[PDB]
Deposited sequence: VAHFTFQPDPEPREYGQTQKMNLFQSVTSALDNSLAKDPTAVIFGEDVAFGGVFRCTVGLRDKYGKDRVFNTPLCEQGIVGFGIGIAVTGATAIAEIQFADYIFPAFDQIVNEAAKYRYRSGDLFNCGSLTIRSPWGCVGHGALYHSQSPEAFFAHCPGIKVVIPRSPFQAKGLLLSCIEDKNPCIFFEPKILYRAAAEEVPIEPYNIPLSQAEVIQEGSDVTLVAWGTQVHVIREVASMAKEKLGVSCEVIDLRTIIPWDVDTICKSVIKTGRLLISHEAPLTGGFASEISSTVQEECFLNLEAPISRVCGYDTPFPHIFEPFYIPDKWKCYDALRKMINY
């Protein structure tokens, strides 16, 4: 593996990330009698086991399979939500969210605005496996968040761990705006830690500083947070460099203030993500930070991203923005 995972609220149990998602969905159906979960192959527990046991517990009318049609899954979910009921739609891989792009962008995101708040689909959440998995190639590896970041009216949220995933998913489910929640699939079984059994929330539009530091700010989300945590360790050890490590968590609306506050302190910023460089979300963070922290910047902001190609099968190890690529970019930024 290219990463290493490392691990107030009542009793906890050790959960991997798929189990934390099941736990969030179970808590939601238990407390909200209107909530349903639907999509391809969810009834038997899903292709990644995220819905195991829920149809038996809550009933076939609340956890059910749809026909194989993503534009329909999202349009159907908007309509459930227009009536006020919680609709938790699954899209089987984020790579297959594109047939539903018109329903997300032209419809879900715009529903409240265009009606003057006469109608809305706030009670819709779309959850989808995301990011690279070692051998997923072009259509089981994608990270589509920058496509959605350019659409006002939706929220886009990505967790880095089991504890984070349950708390952020419950916040998505309960938020009054249509939300896309992307689950890093390479963590579904790998990442396991203590997770509260009872429901809890983590706020949206709020980054988390997971390690304080004074020389450079590193920003990432999803599995790539674990990559930059290791990069921070490598920098301390090899270079005597103190890195502030930040998980962005929500892509939009994003926490501009936490990132700028960090860069005002450190003077230096590196952003990293698996998605391609050009048009990726690091470009929005980099310009904004340049706009707000111009006087504090000691070096150009660095973006260490996937290359501008489709996601390859056999060349995956050469494609991803791994710890060596991030480390080397950091070293040059420190030397600048």
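Of the deposited sequence, positions 1, 9-13 lack any modelled C-alpha atom.
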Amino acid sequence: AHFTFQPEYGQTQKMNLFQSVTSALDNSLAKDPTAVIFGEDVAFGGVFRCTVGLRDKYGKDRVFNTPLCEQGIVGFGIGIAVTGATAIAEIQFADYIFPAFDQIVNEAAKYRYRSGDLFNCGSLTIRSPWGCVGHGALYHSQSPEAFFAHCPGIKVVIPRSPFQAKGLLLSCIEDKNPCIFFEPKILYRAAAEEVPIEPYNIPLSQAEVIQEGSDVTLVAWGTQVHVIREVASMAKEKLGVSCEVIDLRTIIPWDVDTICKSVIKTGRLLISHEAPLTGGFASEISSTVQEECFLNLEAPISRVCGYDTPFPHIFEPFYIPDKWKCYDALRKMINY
From here on, numbers count along this sequence of modelled residues.
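Heads up, when I say rigid core I mean the largest set of C-alphas that superpose within 1.5 Å between the two forms.
With 187-195 and 161-169 as candidates, the stretch whose CA atoms show the greater average offset from this form in 8 other deposited structures of this protein after a core fit is 187-195. Coordinates for residue 335 are present in every one of the other compared entries of this protein that model residues on both sides of it, well short of the third needed to count it as often missing. In at least one third of the other compared structures of this protein with flanking residues present, residue 5 is left unmodelled.
Once the C-alpha B-factors are averaged per stretch, 255-263 and 157-165 rank with 255-263 first.
In this entry, 279-287 has the higher mean Cα B-factor, the comparison being between 279-287 and 63-71. Remark: of 107, 117, 90, 198, 198 shows the highest value [criterion: C-alpha B-factor in the PDB entry]. Among the modelled residues of the chain, residue 48 sits in the middle third by CA temperature factor in this PDB entry.
Among the modelled residues of its chain, residue 231 has a C-alpha B-factor that falls in the highest third according to the deposited record.
Among the modelled residues of its chain, residue 310 has a C-alpha B-factor that falls in the middle third according to the deposited record.
Sort the modelled residues of the chain by CA B factor and residue 237 lands in the highest third.
When the modelled residues of the chain are ordered by their C-alpha B factor, residue 58 lands in the middle third.
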